[PDB]
Amino acid sequence: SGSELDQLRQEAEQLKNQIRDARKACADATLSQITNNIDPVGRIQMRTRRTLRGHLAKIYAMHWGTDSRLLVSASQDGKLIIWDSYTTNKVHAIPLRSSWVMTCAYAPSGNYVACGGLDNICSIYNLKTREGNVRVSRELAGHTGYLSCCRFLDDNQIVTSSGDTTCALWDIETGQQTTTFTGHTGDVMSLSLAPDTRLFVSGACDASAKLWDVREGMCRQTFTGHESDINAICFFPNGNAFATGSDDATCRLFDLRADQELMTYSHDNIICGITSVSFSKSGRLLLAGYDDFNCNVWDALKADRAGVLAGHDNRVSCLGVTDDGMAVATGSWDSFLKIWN
Amino acid sequence: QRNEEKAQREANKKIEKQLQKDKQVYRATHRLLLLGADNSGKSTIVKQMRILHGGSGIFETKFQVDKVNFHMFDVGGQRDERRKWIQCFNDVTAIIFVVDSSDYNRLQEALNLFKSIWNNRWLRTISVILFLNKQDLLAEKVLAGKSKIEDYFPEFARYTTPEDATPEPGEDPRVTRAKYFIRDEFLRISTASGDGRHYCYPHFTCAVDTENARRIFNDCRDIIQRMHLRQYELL
Amino acid sequence: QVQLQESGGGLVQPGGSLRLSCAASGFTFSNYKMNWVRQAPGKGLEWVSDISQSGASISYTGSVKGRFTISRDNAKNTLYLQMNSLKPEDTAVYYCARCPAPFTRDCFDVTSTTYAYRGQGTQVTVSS
Amino acid sequence: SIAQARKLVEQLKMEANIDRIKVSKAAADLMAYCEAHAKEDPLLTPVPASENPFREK
Amino acid sequence: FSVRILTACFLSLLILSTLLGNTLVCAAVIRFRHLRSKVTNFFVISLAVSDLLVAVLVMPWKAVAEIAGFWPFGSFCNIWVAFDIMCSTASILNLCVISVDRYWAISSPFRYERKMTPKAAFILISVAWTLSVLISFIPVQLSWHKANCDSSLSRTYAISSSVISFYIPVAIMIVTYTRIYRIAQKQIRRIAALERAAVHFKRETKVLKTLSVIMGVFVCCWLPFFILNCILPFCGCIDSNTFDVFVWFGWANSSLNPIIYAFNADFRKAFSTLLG
Ligand SMILES: Nc1nc2c(ncn2[C@@H]2O[C@H](COP(=O)(O)OP(=O)(O)OP(=O)(O)O)[C@@H](O)[C@H]2O)c(=O)[nH]1
Ligand SMILES: NCCc1ccc(O)c(O)c1
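Residue numbers (the authors' numbering), protein chains in the order written: chain B, 0 to 340; chain A, 12 to 67, 206 to 254, 265 to 394; chain E, 1 to 128; chain D, 8 to 64; chain F, 20 to 166, 185 to 237, 264 to 299, 307 to 346.
Right, here's the structure in full:
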């Protein structure tokens with residue numbers, strides 16, 4: 000050949016096949032053979048216990064607080080409302096500058112909320128301001144694409160995902176990108192921090208998910224297997240597994256130590272994509288927010304579909320389980336967060 | 012602790028009344044998305060609206214026609230894979246698709272993008288206002304006769320100018336046939352899907368046109384009229 | 001991992017013929033609408049022709065109408081662009097792109113730099 | 008073209024020298040974490056209406 | 020008797036149908052908050068409540084008196100005739116309102132979406148119900164309507198309350214719906230122009272079908288009764311049995327109103343998930 004591009008393409012494919020062999024080498028059994036003797040969960044019929052109204056447009060992101068009581072919701076009317084989920088009272092109603100918010104987070108200390116969207120800016124708002132009104136405190140600039148998701152580590156570090164195919168760890172005070180994560184080809188759509196803040200994964204429109212080491216700025220693992228755009232992601236509560244949902248109407252569970260897909264959750268009556276995924280507190284139940292307006296609760300061990308949450312009249316855009324596992328909330332484009340248990 | 016329940020209740024009261032005023036303002040604002048390839052004049056259209064009618206390469210503009218507010222925004226700072234942030238625009242009143250009718254080879268890109276927009280699962284109900292921009296340059300190319308449409312779209316050779324065409328005073332029939340051919344090339348896709356949930360409204364525009372707000376007003380009004388009709392099963 | 005391997009394509013005189021075979025591996029071929037996107041040297045990506053999920057409805061760019069054909073075989077899991085009467089301007093790399101979503105009629109796959117579900121190209125050169 | 012290829016190749020070389028465990032053990036860990044936490048998952052084990060914060064007063 | 024038992028079963032079926040349709044609309048509204056969100060739905064709920072009142076208050080007593088042949092309630096029936104004049108007039112009134120409602124949302128969508136706020140909706144519903152209550156009860160308790186228990190109406194009160202309750206709403210509804218038809222014809226011509234350009264009277268039949276169903280059910284159900292209220296007391307000509315069947319047609323319309331005003335797709339699905 001001689002042309003260094005063709006020699007790199009050849010050694011690239013050679014490496015990809017060494018990776019496929021080292022991955023199938025440890026793929027001794029399947030999850031179904033191992034989990035064939037467990038009893039099925041049966042039927043899980045949760046009911047709407049609360050309905051949280053007020054939003055004037057489609058809800059696009061939501062996030063429980065650490066106390067499992069408060070939650071922040073971002074709607075595309077330019078608002079970010081904080082709810083006391085027990086009493087359905089609104090604690091704050093923060094107007095936004097750019098009305099196209101796409102993500103919103105709740106700092107684990109409850110001191111700050113964040114949000115961003117097509118403005119390519121992550122805005123931090125201090126809920127504990129003293130003299131006056133909750134207003135903007137910091138504002139993280141730098142992305143050349145739309146910001147799709149963000150989650151706090153602590154009151155000073157926050158990670159963002161953007162449509163410029165990169166993720167970034169920020170120091171909120173200095174406003175500098177203390178660490179940049181590059182390598183995705185398509186738009187990064189969702190990220191989920193491990194329960195120990197140490198690593199985080201991201202799913203992009205190149206049908207690939209990547210595991211990133213937060214502190215070192217290097218891409219540790221790249222997982223493939225999905226046929227189309229990955230729309231949602233969430234670590235297994237243990238930290239050594241994570242689930243992805245994609246537009247190909249399938250959910251997939253990947254393991255970190257085995258470095259391959261473990262199980263695929265699908266039904267031949269399910270064709271529409273997937274918008275959100277999240278495990279229960281014990282990880283036995285996997286909730287997914289399909290486009291057909293329902294949320295299916297799958298048994299994460301048997302790949303069987305178990306229950307449905309048919310309470311939304313339009314696409315379920317986001318969801319989230321409390322940190323104590325007592326209830327799950329679902330935000331949809333009908334502008335009504337709903338609490339279920 | 013009853014004090015804290017009453018404080019939460021009155022915080023909810025002040026919030027809900029702020030949210031009620033916000034609901035009325037947002038409810039009365041007609042959001043308009045400006046879309047189209049680049050080198051087509053989207054940002055120039057927004058620039059023209061801010062200077063003629065008023066407003067706020207900046208993404209947004211806010212303007213009033215007959216006491217009805219509109220907010221037209223063109224997204225500029227993204228990549229070219231518009232396949233995912235486009236779903237952020239499902240509730241807009243209309244999409245204003247602007248197409249450089251004088252760029253004979265990036266025109267197929269505009270046709271493919273319009274077709275992909277028209278059949279999108281999440282924009283199935285978003286009506287589109289079609290702006291066939293740069294008509295003066297199109298007339299320049301047609302009168303020059305150096306780059307003919309037939310070399311890129313051979314159908315144009317057998318194409319007949321529609322009998323309903325209304326050319327403006329002083330226009331060569333070749334230019335009329337060219338611009339109505341591009342019009343029907345986009346209308347055959349917009350009408351091939353059907354279902355009545357949304358429609359396409361073509362308009363011939365140039366960069367110096369000043370009435371390009373009354374046209375958007377008229378057509379947003381037409382869109383709302385037809386939505387209200389198709390709701391009561393009349394139309 | 002979704003990957004598309006194209007084959008065929010070499011030096012061919014004007015008015016000749018060729019057949020570019022695009023084999024897909026890593027998904028279900030039948031569900032996705034397929035396109036042929038060619039890139040001529042020195043210009044951006046250009047879209048040539050698309051065939052639906054089962055060869056039901058096909059469509060072509062004007063310039064290649066009446067010259068090229070596009071066939072899809074789900075059995076062998078591939079599609080073929082059979083080109084005849086090639087002109088000196090048909091010189092281009094030929095990616096065989098797939099749109100990113102199943103069970104639909106729309107796609108946005110002529111992207112400027114990076115789209116993840118199109119192949120690498122077989123530079124078809126045609127000159128005298 | 009060449010820089011994204013050098014980065015893709017170096018990424019594959021870093022990823023190649025990882026040590027993977029058997030899937031059987033990874034599944035045994037998932038089953039262990041599931042049944043190890045089964046008694047604290049209210050959506051799996053339904054909670055009495057007395058301890059339900061969304062039905063009480 | 021054969022005829023008597025047939026009239027009995029038919030009237031019981033009519034009452035049960037009215038009750039079922041109107042209580043179904045009212046339940047689908049109270050249970051589902053996504054139907055109460057709009058404003059046109061406010062007006063349809065007002066109509067449904069008016070019709071449910073027609074049924075529960077007015078129909079069964081008249082049906083019993085028609086079967087038994089003698090009015091077994093006596094002093095009640097004063098009240099009863101008042102009830103009739105109220106309930107059978109909040110219904111027609113409400114139709115008028117709904118019609119006007121539709122007009123504002125097709126003839127002026129911007130002004131509509133801006134001005135028709137729940138305050139104006141409540142004012143309009145209130146006007147309908149209060150016009151009803153006034154014109155019915157006030158002349159009854161003052162014994163102005165009178166010139185087995187008598188239910189005939191004085192010659193001047195008949196024509197007056199008739200002119201209001203029917204002839205103002207039917208004029209308003211015909212004017213409104215013919216304007217809505219003009220608008221739909223304009224839009225049809227435009228879309229047809231565009232589609233013929235692209236290709237180079265089904266939608267007309269659809270327009271006609273829906274407008275004809277609405278206006279024609281309303282008219283063919285109520286108009287005979289009100290031309291009778293016009294002609295009868297002056298010429299007191308026809309008999310009580312014919313007048314009674316033409317009366318019953320009005321409450322038959324009060325039965326049909328749900329299927330004609332609450333079969334939007336979401337209404338259909340709410341009914342389907344309620345009843346099963
Ligand atoms: N002569 C003439 N020039 C036009 C006309 N319309 C657009 N242009 C030119 O085309 C250029 C491209 O338009 P832009 O303002 O850059 O908008 P855009 O290219 O479609 O989108 P952006 O690149 O994001 O700005 C403008 O600078 C105008 O000078 C026209 O009708 N007549
Ligand atoms: N059974 C309906 C009788 C009726 C109803 C309304 C009137 O205004 C009226 O004069 C008479």
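Built from N, CA and C at the ideal position, the CB exists for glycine as well.
Beta-carbon proximity list for residue i, same chain, < 6 Å, skipping 5 on both sides
{"i": "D76/B", "result": "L55, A56"}
{"i": "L30/B", "result": "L261, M262"}
{"i": "residue 1/A", "result": "Only positions 12 to 394 of chain A appear in this structure, which leaves residue 1/A out of reach."}
{"i": "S265/B", "result": "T249"}
{"i": "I51/E", "result": "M34, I58, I70, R72"}
{"i": "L284/B", "result": "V296"}
Limits of the unbroken alpha helix (DSSP H) element including residue i
{"i": "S21/F", "result": "21–50"}
{"i": "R374/A", "result": "373–390"}
{"i": "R13/D", "result": "9–23"}
{"i": "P128/F", "result": "128–134"}
{"i": "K58/A", "result": "53–63"}
Sequence-distant residues of its chain with Cβ nearer than 7 Å to residue i (five each side left out)
{"i": "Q3/E", "result": "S25, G26"}
{"i": "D83/B", "result": "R68, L69, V90"}
{"i": "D103/F", "result": "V77"}
N- and C-terminal bounds of the beta strand (DSSP E) containing residue i
{"i": "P94/B", "result": "88–94"}
{"i": "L139/B", "result": "135–139"}
{"i": "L81/E", "result": "78–84"}
{"i": "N239/B", "result": "Where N239/B is concerned, there is no enclosing beta strand (DSSP E), given that its DSSP letter is neither H nor E."}
Beta-bridge partners of residue i, as assigned by DSSP
{"i": "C166/B", "result": "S160/B, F180/B"}
{"i": "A24/E", "result": "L4/E"}
{"i": "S189/B", "result": "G202/B"}
{"i": "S227/B", "result": "Partner(s): none; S227/B has no beta bridge."}
{"i": "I51/E", "result": "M34/E, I58/E"}
{"i": "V83/F", "result": "Bridge partners of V83/F: none, in fact."}
Three-way DSSP call (helix, strand, coil) for residue i in this model
{"i": "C233/B", "result": "strand"}
{"i": "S352/A", "result": "helix"}
{"i": "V248/A", "result": "strand"}
{"i": "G226/A", "result": "coil"}
{"i": "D73/E", "result": "strand"}
{"i": "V12/E", "result": "coil"}
{"i": "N292/A", "result": "strand"}
{"i": "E344/A", "result": "helix"}
{"i": "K339/F", "result": "helix"}
{"i": "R150/B", "result": "strand"}
{"i": "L70/B", "result": "strand"}
{"i": "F316/F", "result": "helix"}
{"i": "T34/B", "result": "coil"}
Own chain, CB closer than 8 Å to residue i, minus 5 neighbours either side, in chain order
{"i": "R42/B", "result": "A305, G306"}
{"i": "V301/A", "result": "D331, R333, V334, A337"}
### Query
Is there contact here, the stretch 80–94 of chain E with the stretch 364–375 of chain A, by at least three beta-carbon pairs under 8 Å?
Result no; under three Cβ-Cβ pairs closer than 8 Å.
### Query
Any contact of the stretch 281–298 of chain F with the stretch 191–199 of chain F, i.e. 3+ C-beta pairs under 8 Å?
Flag = yes, the stretch 281–298 of chain F and the stretch 191–199 of chain F touch.
### Task
Report yes or no: do the stretch 221–234 of chain A and the stretch 101–114 of chain E share at least 3 C-beta pairs separated by less than 8 Å?
The count of Cβ pairs closer than 8 Å, one atom from the stretch 221–234 of chain A and one from the stretch 101–114 of chain E, reaches three, so the stretches are in contact.
### Message
Does the stretch 36–44 of chain D come into contact with the stretch 230–237 of chain B, if we say contact requires no fewer than three beta-carbon pairs (one atom in each stretch) closer than 8 Å?
### Response
Cβ pair count under 8 Å is three or more, so yes.
### Inter-stretch contact (C-beta, 8 Å, three-pair minimum) for the stretch 28–39 of chain F and the stretch 52–64 of chain D
Result no; under three Cβ-Cβ pairs closer than 8 Å.
### Task
Report yes or no: do the stretch 96–104 of chain B and the stretch 265–282 of chain A share at least 3 C-beta pairs separated by less than 8 Å?
No: the two stretches stay apart, fewer than three of their Cβ pairs being nearer than 8 Å.
### Given 8 Å, three or more beta-carbon pairs between the stretch 105–125 of chain B and the stretch 138–153 of chain B
These segments touch.
### Message
Quick check: the stretch 186–193 of chain B against the stretch 167–177 of chain B, are at least 3 beta-carbon pairs closer than 8 Å?
### Response
The answer is no - the stretch 186–193 of chain B does not touch the stretch 167–177 of chain B, with fewer than three Cβ pairs under 8 Å.
### Query
Would you call the stretch 283–300 of chain A and the stretch 345–357 of chain A in contact, with 3 or more CB pairs under 8 Å?
With the cut-off at 8 Å, the stretch 283–300 of chain A and the stretch 345–357 of chain A touch.
### Query
Does the count of Cβ pairs from the stretch 64–82 of chain F and the stretch 314–325 of chain F closer than 8 Å reach three?
Yes, since at least three Cβ pairs between the stretch 64–82 of chain F and the stretch 314–325 of chain F fall closer than 8 Å, the two stretches touch.
### Message
Is it the case that the stretch 57–67 of chain F contacts the stretch 85–95 of chain F, given that we only count it when at least three CB pairs across the two stretches are under 8 Å?
### Response
In short, these stretches do not touch, since the Cβ pair count stays below three.
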